[PDB]
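Everything on this sheet refers to the single structure shown next.
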Amino acid sequence: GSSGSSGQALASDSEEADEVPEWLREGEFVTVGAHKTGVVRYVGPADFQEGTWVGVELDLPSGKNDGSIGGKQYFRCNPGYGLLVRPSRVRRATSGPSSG
């Protein structure tokens, strides 16, 4: 068993945490694994859960929390157009190569 490519690249595979990227911030376009795209509206820890959370606004109806969760609110826009996921569930999009 030997393919064309070969070699190791030890980088990150020991300390797995919820590190919050630098690009992550309010007014920043991003995408999710299974939650479509959405702009960041909130970025900070929670009260019910530990770690760091990221409020992503979904232009389309497919979220869970209508701006607030378990009482406490973070962002308000419309019922059925809000969601809050961890940084791990958020990636940079930077869409708009030519058009907008």
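A quick note on method: Cβ atoms are made from the backbone with ideal geometry, for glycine too, and the neighbour counts reach across all protein chains shown. Every number here is computed from the coordinates shown, using simple stated rules; none is lab data.
Worth pointing out:
- Residue among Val30, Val54 that is within 20 Å of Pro79 (Cα to Cα), assigned to a strand (DSSP E or B) and among the aliphatic types (A, V, I, L, M): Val54
- Residue-level check: of (1) out of contact with any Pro (no Cβ under 9 Å at 6 or more places or on another chain); (2) surrounded by 15 or more Cβ atoms within 10 Å (Cβ to Cβ); (3) not in a strand (DSSP E or B), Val40 misses just (3).
- Restricted to region 83-97, and to residues there that are hydrophobic (A, V, I, L, M, F, W, C) and part of a loop (DSSP other than H, G, I, E, B), the residue that is farthest from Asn65 (Cα to Cα) is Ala93.
- Taking the numbered list (1) touching a helix residue (DSSP H, G or I) at 6+ places or on another chain (Cβ under 7 Å); (2) under 26 Å from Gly96 (Cα atoms); (3) in a loop (DSSP other than H, G, I, E, B) in turn, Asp18 passes all entries but (2).
- Considering residues of region 1-31 that are among the hydrophobic types (A, V, I, L, M, F, W, C) and either touching a strand residue (DSSP E or B) at 6+ places or on another chain (Cβ under 9 Å) or within 29 Å of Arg41 (Cβ to Cβ) (or both) only, the residue surrounded by the most Cβ atoms within 10 Å (Cβ to Cβ): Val30
- Identity of the residue in region 44-74, among the hydrophobic types (A, V, I, L, M, F, W, C) and under 15 Å from the mean Cα position of the chain (by Cα), that ends up surrounded by the fewest Cβ atoms within 10 Å (Cβ to Cβ): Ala46
- Residues that are in contact with a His (Cβ under 8 Å, 6 or more places away or on another chain) and over 18 Å from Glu22 (Cβ atoms), drawn from region 51-84: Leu58, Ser62, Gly63, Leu83
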